[PDB]
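Take a look at the structure set out below.
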Amino acid sequence: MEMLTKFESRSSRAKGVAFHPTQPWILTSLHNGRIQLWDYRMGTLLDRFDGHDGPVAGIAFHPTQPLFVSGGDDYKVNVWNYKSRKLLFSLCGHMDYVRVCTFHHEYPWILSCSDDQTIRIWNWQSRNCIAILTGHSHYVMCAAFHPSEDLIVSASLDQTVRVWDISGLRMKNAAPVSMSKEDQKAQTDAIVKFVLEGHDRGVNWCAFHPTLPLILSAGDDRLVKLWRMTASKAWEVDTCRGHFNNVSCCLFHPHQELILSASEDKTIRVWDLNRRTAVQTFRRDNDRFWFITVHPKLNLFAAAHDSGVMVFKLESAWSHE
Ligand code: NA
């Protein structure tokens with residue numbers, strides 16, 4: 001395959017990137033604490049947001065509302081409005097670096113995970129933490145909501161990938177439960193479902209396929225593992241072998257039978273979904289890769305590395321959507 005580079009931002013080290021769903025924009029999160037907003041079609045810096053002390057890693061747009069969320073070294077989960085360019089509020093509760101933060105696709109929730117070994121779910125309309133998911137025994141490097149089921153997947157330096165059942169939390173809103181405040185005691189929602197144990201080093205990333213019942217995980221063992229599941233069980237399918245340093249990030253191509261991964265070995269690698277064979281490698285001479293993302297609808301990719309960010313399309317080699 002070949003990379004058709006649409007945009008590059010040259011900068012100090014970048015840690016995260018987020019596509020806007022409809023505008024030709026990316027947010028970037030930088031090790032220096034700044035968040036950049038770029039129009040990648042024209043190559044224009046639209047805005048820069050300074051709301052963090054120290055590195056920012058988590059960054060994501062809301063899928064339909066004019067908001068984004070950010071998190072990093074200063075422990076706070078910040079909610080911004082990009083139209084008013086305001087930092088609206090900060091959600092506090094994490095006790096260490098926030099690695100990932102995202103919005104749910106339907107419920108008014110933010111998911112965050114942290115070096116404090118927890119995952120938190122927040123209600124961004126009430127501005128309260130509604131669940132703390134404990135059990136990992138080292139940094140939680142990644143967490144993601146499942147796109148259609150009441151599940152979360154998380155990855156940790158404790159060498160495990162966890163799938164959590166959050167159906168109890170979802171059902172709480174509409175339950176016919178009433179409370180007389182004068183009769184309360186002095187003052188379940190999330191349970192771990194699978195503890196996937198296959199990695200023998202720390203795990204840096206995990207991803208759900210947007211439509212198929214598949215999970216990818218990757219980490220310090222240099223491996224990308226593919227898992228499949230039903231409502232009642234999961235299984236390890238295969239491993240993509242070849243990276244020669246820590247794997248930072250991995251994802252599914254939504255519309256082709258391909259897996260992508262990115263690594264401190266200075267490569268982005270494409271693999272066949274059905275056979276796990278190597279399809280194509282792309283390299284940078286001087287830059288480790290920290291993150292990759294795919295646009296949900298367009299076949300457009302972005303990567304964060306030691307010297308900035310790139311936005312690109314992937315095409316079959318020698319082919320001159
Ligand atoms: Na996702």
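Please note that chains go A, B, ... in the order of the structure tokens, that every chain numbers its residues from 1, and that ligands are numbered from 1 in the order shown.
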
For this session: Return as a PyMOL selection string the residues of protein, DNA or RNA that approach ligand 1 to within 12 Å, with only C-alpha atoms and all ligand atoms taken into account.
Result: chain A and resi 18-19+60-63+100-105+111+142-148+151-154+205-211+215-216+250-254+293-296

Problem set entry | Within 8 Å of residue A:92 using only C-alpha atoms, minus same-chain residues under 4 positions, as a PyMOL selection string | chain A and resi 75-77

For this session: Just the residues within 9 Å of stretch 275-278 of chain A, please, counting only C-alpha atoms, with nothing from its chain fewer than 2 positions along; format it as a ChimeraX atom specification.
Result: /A:226,238-242,258-259,269-273,280-281

Could you write those residues out with N, CA and C atoms, as a PDB file, in the first residue's frame?
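Okay, part_22.pdb is ready:
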ATOM      1  N   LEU A 226      -5.334 -10.086  18.240  1.00  0.00           N
ATOM      2  CA  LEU A 226      -6.719 -10.016  17.796  1.00  0.00           C
ATOM      3  C   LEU A 226      -7.556 -10.996  18.606  1.00  0.00           C
ATOM      4  N   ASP A 238      -5.389 -14.559  16.956  1.00  0.00           N
ATOM      5  CA  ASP A 238      -4.053 -14.619  16.379  1.00  0.00           C
ATOM      6  C   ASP A 238      -3.275 -13.404  16.872  1.00  0.00           C
ATOM      7  N   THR A 239      -1.986 -13.387  16.524  1.00  0.00           N
ATOM      8  CA  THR A 239      -1.065 -12.327  16.900  1.00  0.00           C
ATOM      9  C   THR A 239      -0.355 -11.827  15.650  1.00  0.00           C
ATOM     10  N   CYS A 240      -0.265 -10.504  15.507  1.00  0.00           N
ATOM     11  CA  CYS A 240       0.553  -9.873  14.473  1.00  0.00           C
ATOM     12  C   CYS A 240       1.956  -9.694  15.040  1.00  0.00           C
ATOM     13  N   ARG A 241       2.934 -10.364  14.438  1.00  0.00           N
ATOM     14  CA  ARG A 241       4.311 -10.352  14.914  1.00  0.00           C
ATOM     15  C   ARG A 241       5.196  -9.612  13.923  1.00  0.00           C
ATOM     16  N   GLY A 242       6.036  -8.719  14.433  1.00  0.00           N
ATOM     17  CA  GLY A 242       7.039  -8.088  13.603  1.00  0.00           C
ATOM     18  C   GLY A 242       7.561  -6.779  14.152  1.00  0.00           C
ATOM     19  N   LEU A 258      -8.411  -4.887   7.256  1.00  0.00           N
ATOM     20  CA  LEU A 258      -7.056  -4.476   7.601  1.00  0.00           C
ATOM     21  C   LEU A 258      -6.983  -4.054   9.065  1.00  0.00           C
ATOM     22  N   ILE A 259      -5.821  -4.309   9.664  1.00  0.00           N
ATOM     23  CA  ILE A 259      -5.455  -3.872  11.009  1.00  0.00           C
ATOM     24  C   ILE A 259      -4.296  -2.897  10.846  1.00  0.00           C
ATOM     25  N   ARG A 269       2.355  -0.071  10.749  1.00  0.00           N
ATOM     26  CA  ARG A 269       2.230  -1.329  10.026  1.00  0.00           C
ATOM     27  C   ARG A 269       0.768  -1.646   9.734  1.00  0.00           C
ATOM     28  N   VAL A 270       0.541  -2.135   8.518  1.00  0.00           N
ATOM     29  CA  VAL A 270      -0.762  -2.586   8.053  1.00  0.00           C
ATOM     30  C   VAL A 270      -0.707  -4.103   7.942  1.00  0.00           C
ATOM     31  N   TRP A 271      -1.759  -4.770   8.430  1.00  0.00           N
ATOM     32  CA  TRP A 271      -1.814  -6.221   8.470  1.00  0.00           C
ATOM     33  C   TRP A 271      -3.161  -6.694   7.933  1.00  0.00           C
ATOM     34  N   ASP A 272      -3.172  -7.896   7.359  1.00  0.00           N
ATOM     35  CA  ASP A 272      -4.407  -8.475   6.852  1.00  0.00           C
ATOM     36  C   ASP A 272      -5.267  -8.961   8.020  1.00  0.00           C
ATOM     37  N   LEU A 273      -6.552  -8.598   8.022  1.00  0.00           N
ATOM     38  CA  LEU A 273      -7.416  -8.962   9.145  1.00  0.00           C
ATOM     39  C   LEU A 273      -7.615 -10.470   9.248  1.00  0.00           C
ATOM     40  N   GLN A 280       1.893  -3.901   4.621  1.00  0.00           N
ATOM     41  CA  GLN A 280       2.746  -2.772   4.276  1.00  0.00           C
ATOM     42  C   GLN A 280       3.284  -2.161   5.557  1.00  0.00           C
ATOM     43  N   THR A 281       4.524  -1.676   5.499  1.00  0.00           N
ATOM     44  CA  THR A 281       5.108  -0.906   6.586  1.00  0.00           C
ATOM     45  C   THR A 281       5.475   0.478   6.073  1.00  0.00           C
TER      46      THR A 281
END

For this session: Would you return as a count of residues only the members of stretch 28-258 of chain A that DSSP assigns to strand (DSSP E or B) on this structure's backbone?
Result: 115

Exercise. Quick one: of A:249, A:311, A:155, A:17, who's nearest to residue A:196, counting only C-alpha atoms?
Worked result: A:155

Problem set entry | Counting only C-alpha atoms, the option among A:3, A:302, A:118, A:33 closest to residue A:283 |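 Residue with the minimum atom-to-atom distance to residue A:283: A:3.
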
Exercise. To one decimal place, how far is atom CA of residue A:319 from atom CA of residue A:261 in Å?
Worked result: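 Going from atom CA of residue A:319 over to atom CA of residue A:261, I get 22.9 Å.
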
Please identify which residues in stretch 42-170 of chain A DSSP calls helix (DSSP H, G or I) from the backbone, and express them as an mmCIF file with N, CA, C and O atoms, in the first residue's frame.
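Final output, saved to part.cif:
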data_model
loop_
_atom_site.group_PDB
_atom_site.id
_atom_site.type_symbol
_atom_site.label_atom_id
_atom_site.label_comp_id
_atom_site.auth_asym_id
_atom_site.auth_seq_id
_atom_site.Cartn_x
_atom_site.Cartn_y
_atom_site.Cartn_z
ATOM 1 N N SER A 167 -23.873 -2.569 31.886
ATOM 2 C CA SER A 167 -25.320 -2.559 31.712
ATOM 3 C C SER A 167 -26.033 -2.054 32.961
ATOM 4 O O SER A 167 -27.066 -1.385 32.851
ATOM 5 N N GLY A 168 -25.501 -2.348 34.150
ATOM 6 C CA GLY A 168 -26.148 -1.879 35.366
ATOM 7 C C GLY A 168 -26.189 -0.367 35.453
ATOM 8 O O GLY A 168 -27.204 0.219 35.836
ATOM 9 N N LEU A 169 -25.088 0.287 35.085
ATOM 10 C CA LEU A 169 -25.052 1.743 35.066
ATOM 11 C C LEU A 169 -26.036 2.306 34.049
ATOM 12 O O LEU A 169 -26.735 3.287 34.328
ATOM 13 N N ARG A 170 -26.095 1.702 32.859
ATOM 14 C CA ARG A 170 -27.012 2.181 31.828
ATOM 15 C C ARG A 170 -28.457 2.123 32.300
ATOM 16 O O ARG A 170 -29.235 3.053 32.056
#

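Here atom CA of residue A:80 is placed at a distance of 21.8 Å from atom CA of residue A:291.
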
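Between atom CA of residue A:321 and atom CA of residue A:299 the separation is 6.1 Å.
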
Exercise. Hey, what's within 7 Å of residue A:121 if we count only C-alpha atoms and toss same-chain stuff fewer than 4 positions away? As JSON, numbers by chain, please?
Worked result: {"A": [109, 110, 111, 112, 129, 130, 131, 132]}

Residue selection dump (N, CA, C and O atoms) as an mmCIF file, in the first residue's frame:
data_model
loop_
_atom_site.group_PDB
_atom_site.id
_atom_site.type_symbol
_atom_site.label_atom_id
_atom_site.label_comp_id
_atom_site.auth_asym_id
_atom_site.auth_seq_id
_atom_site.Cartn_x
_atom_site.Cartn_y
_atom_site.Cartn_z
ATOM 1 N N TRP A 109 -22.089 10.795 28.654
ATOM 2 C CA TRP A 109 -20.995 10.269 29.455
ATOM 3 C C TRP A 109 -19.638 10.551 28.826
ATOM 4 O O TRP A 109 -19.486 10.574 27.597
ATOM 5 N N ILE A 110 -18.654 10.743 29.697
ATOM 6 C CA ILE A 110 -17.243 10.744 29.338
ATOM 7 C C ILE A 110 -16.594 9.548 30.017
ATOM 8 O O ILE A 110 -16.882 9.251 31.182
ATOM 9 N N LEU A 111 -15.716 8.873 29.288
ATOM 10 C CA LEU A 111 -14.871 7.811 29.812
ATOM 11 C C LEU A 111 -13.452 8.350 29.925
ATOM 12 O O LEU A 111 -12.949 8.954 28.976
ATOM 13 N N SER A 112 -12.797 8.123 31.066
ATOM 14 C CA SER A 112 -11.387 8.465 31.207
ATOM 15 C C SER A 112 -10.654 7.320 31.897
ATOM 16 O O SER A 112 -11.249 6.561 32.660
ATOM 17 N N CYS A 129 -18.936 12.396 38.675
ATOM 18 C CA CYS A 129 -18.461 11.049 38.400
ATOM 19 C C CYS A 129 -19.565 10.071 38.785
ATOM 20 O O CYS A 129 -20.111 10.143 39.889
ATOM 21 N N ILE A 130 -19.919 9.182 37.863
ATOM 22 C CA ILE A 130 -20.974 8.204 38.099
ATOM 23 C C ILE A 130 -20.469 6.778 38.279
ATOM 24 O O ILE A 130 -21.257 5.911 38.690
ATOM 25 N N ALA A 131 -19.192 6.498 38.009
ATOM 26 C CA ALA A 131 -18.654 5.172 38.285
ATOM 27 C C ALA A 131 -17.135 5.242 38.331
ATOM 28 O O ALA A 131 -16.520 5.990 37.565
ATOM 29 N N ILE A 132 -16.545 4.461 39.236
ATOM 30 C CA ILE A 132 -15.104 4.249 39.306
ATOM 31 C C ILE A 132 -14.863 2.757 39.135
ATOM 32 O O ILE A 132 -15.343 1.949 39.942
#

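In terms of minimum interatomic distance to residue A:124, A:67 ranks closest within A:166, A:1, A:67, A:179, counting only C-alpha atoms.
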
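Distance annotation: of A:177, A:157, A:260, A:31, the residue with the minimal separation from residue A:220 is A:157; atom set is only C-alpha atoms.
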
For this session: Can you pull out every residue within 8 Å of stretch 52-54 of chain A, counting only C-alpha atoms, but drop anything in the same chain fewer than 4 positions away, and send it as a ChimeraX atom specification?
Result: /A:31-34,72-74

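Of the listed residues A:160, A:183, A:13, A:266, the one whose atoms come nearest to residue A:225 is A:160, with distances taken using only C-alpha atoms.
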